[PDB]
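> Numbering (the numbering used here), first residue to last: 4 to 155.
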Ligand code: HEM
């Protein structure tokens with residue numbers, strides 16, 4: 004649950020992402036894959052990537068980064084009223100991709116890391132607080148659907 008002022012911070016930060024969605028999406032996935040190499044094994048189309056240089060050179064990884072952040076941005080713009088947008092993603096990630104909630108924690112922290120890396124000194128403590136709360140809400144509502152499905 005976020006206040007109006009917190010949502011305003013989230014959507015202000017998101018403007019930074021929308022200026023370069025592919026570059027942000029690429030770096031988020033690279034941070035996930037290099038920090039948590041077990042996550043790469045869930046992607047049949049990226050498991051061939053052995054080095055970060057190959058990851059950086061992969062145009063399909065940048066494409067998928069655009070898909071991921073476009074979906075997340077659509078959810079964030081609903082300011083919590085995201086049941087219709089979130090349900091299909093919860094279902095596909097639990098039942099088809101088999102993504103444990105832990106990996107959603109990993110990618111949430113990766114987003115925070117990338118924002119500081121690309122905007123050092125321009126991602127203030129209030130903005131980090133609000134973005135963190137928004138990603139916690141996203142993860143918590145996914146977790147509720149995971150529990151319904153019995154997925155661990
Ligand atoms: C912010 C969190 C995430 C968002 C918004 C997101 C979004 C998406 C979307 C929109 C798709 C394509 C449609 C679909 O299959 O539902 C997708 C596919 C997929 N996601 Fe995610 N995802 C997220 C996190 C993760 C994480 C953490 C993992 C694994 C560590 C993951 C694994 C996958 C896989 C394996 C696919 C299929 C890729 C393919 O072969 O095309 N997702 N995701």
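Think of the CB as a built atom: it goes at the ideal place given N, C-alpha and C, for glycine as much as any other residue.
Determine the direct distance from the alpha carbon of residue 72 to that of residue 114, and round the result to whole angstroms.
For residue 114 and residue 72, the distance between alpha carbons rounds to 10 Å.
> Should residue 28 be labelled buried (16 or more other beta-carbon atoms within 10 Å of its own) or exposed?
Label assigned to residue 28: buried.
> Give the straight-line distance between the Cα atoms of residue 142 and residue 108, rounded to the nearest whole angstrom.
The straight-line gap from Cα to Cα measures roughly 7 Å.
> Give me the Cα-Cα distance between residue 65 and residue 112, rounded to the nearest whole angstrom.
Taking the straight line from one Cα to the other gives about 19 Å.
> Looking only at its own chain, which residues have a Cβ that is under 6 Å from the Cβ of residue 33, when we skip the five neighbours before and after it?
Counting only Cβ-Cβ distances below 6 Å, and skipping sequence neighbours, we find 58.
> Here's the rule: buried if 16 or more other CB atoms are within 10 angstroms of the residue's CB, otherwise exposed. What is residue 147?
So residue 147 counts as exposed.
> Nearest CA to the CA of residue 125: which residue from 74, 61, 20 and 56?
Answer by Cα proximity: 20.
> Compute the Euclidean distance between the alpha carbons of residue 99 and residue 105, then round it to the nearest angstrom.
Rounded to whole angstroms, residue 99 to residue 105 spans 17 Å at the Cα level.
> According to DSSP, simplified to helix, strand and coil, what is residue 112?
Three-state DSSP puts residue 112 in a helix.
> Does DSSP put residue 132 in a helix, in a strand, or in coil?
DSSP places residue 132 in helix when its eight states are reduced to three.
> Is residue 2 a contact residue of the ligand HEM, with contact defined as CB to any heavy atom under 7 Å?
This structure gives no information on residue 2, because the portion of the chain shown stretches from 4 to 155.
> Does the structure place the stretch 7-18 close enough to the stretch 117-135 that three or more beta carbon pairs sit under 8 Å?
Taking 8 Å as the limit for Cβ pairs, the verdict is that the stretch 7-18 does touch the stretch 117-135.
> Examine the ligand HEM and report whether any of its heavy atoms sits within less than 7 Å of the Cβ of residue 102.
At least one heavy atom of the ligand HEM is nearer than 7 Å to the Cβ of residue 102, so yes.
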